[PDB]
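Given next, in structure tokens, is a single chain: the form deposited without its partner chain.
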């Protein structure tokens, strides 16, 4: 038993492609590369894999977008593979469908959407600068550990009005959930995280301030007050949603720049291209793959899907699709129409996308200004990991500090 689930009778054999989203066979060549094997010409647009309990995978942008739009057939009630993890998952609004999702989404948007971002730009700037300056004269760092991890969690603490001293504890709680070693069930990891949040929400419903947790926990949904349980489930997501996505995305980006002096030089000589370069990086190193559960039997693009079937709808694949972007594996900061679904698509389109772009942009601007020349540490083989949010296990970087400048 290679732990492949028995093929359900409604699934025709010609659609079977046993891709393992947690351990894809081509991983050492890069995680995007490993997933992009689903886009080779003999692979159908929609396939069934017997790995991880058995589930569909939409392999092309067209189908990915369509399924993300159609929440009536493709429900977020069970958004993760394997089924047991999807079933346990209760974060808001990511575990809900419209119409109920819409009210909770509007509340979340108050704490992370556009006007909040335009406002936070300078605390973001300060944080990046102080982290980079602490590393600069060392001539080395573990980028994932020393910059990518501390950065988003500190921004979240700021949004949420949580004290600095809580960072290590909260880092520990979130790592438990998002990088499981198998010592804990997903529901157990969630519970530990909730145990931290339960008291703070209680406190802030009694005595609200103007932080994100206070806005959320005292908000109105469908014309009534939000429950303490709902507030907890939203805060959980606002905490985690901006963590591993940003940590891992920044690591993919920095790994690419470390290996590409010419792309570094382009952005050094033309810093105005940094916003467009962020978008082209978001496409090439897209990293999320969640999904949906069928609400009923449904024929979708010629394939019979059954009520209860899970479907993986990898956000990462759309922008890598040759049918969406010519020469997809190639990074071109002057690509003219960069299409991707890196932030998702449809009713759940990332609410933190504006904050995420500021984090990436500030990072690239501030890093390249201080440390224009860096490389992968000699002889290091960069290891990737695949999953719901794919990523980089560690990123040792080296530079000559004489080539750097303190601003």
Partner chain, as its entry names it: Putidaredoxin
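Residue numbers count along the first chain shown, from 1.
Below, we turn to the form solved in complex with its partner chain, even though it does not appear here.
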As a check of understanding, the residue in 364, 31, 351, 63 with any heavy atom within 4.5 Å of its partner chain in the deposited complex should be identified as 351
Which residue, 110, 138, 260, 296, is the contact with its partner chain in the deposited complex, using a 4.5 Å heavy atom cutoff? 110
Does any part of residue 154 reach within 4.5 Å of its partner chain in the deposited complex? Heavy atoms only, please. no
My question is simply whether residue 329 lines the interface with its partner chain in the deposited complex - judged by any non-hydrogen atom within 4.5 Å. no
According to a 4.5 angstroms non-hydrogen atom cut-off, is residue 53 in contact with its partner chain in the deposited complex? no
Report whether the minimum heavy atom distance between residue 118 and its partner chain in the deposited complex is within 4.5 Å. yes
Non-hydrogen atom within 4.5 angstroms of its partner chain in the deposited complex for each of 253, 280 and 335: no
For the chain shown here without its partner, which stretch in 343-351, 39-47, 22-30, 376-384 has non-hydrogen atoms within 4.5 angstroms of its partner chain in the deposited complex? 343-351
Does any residue in 53-79 get within 4.5 Å of its partner chain in the deposited complex, counting heavy atoms only, and if so which ones? 69
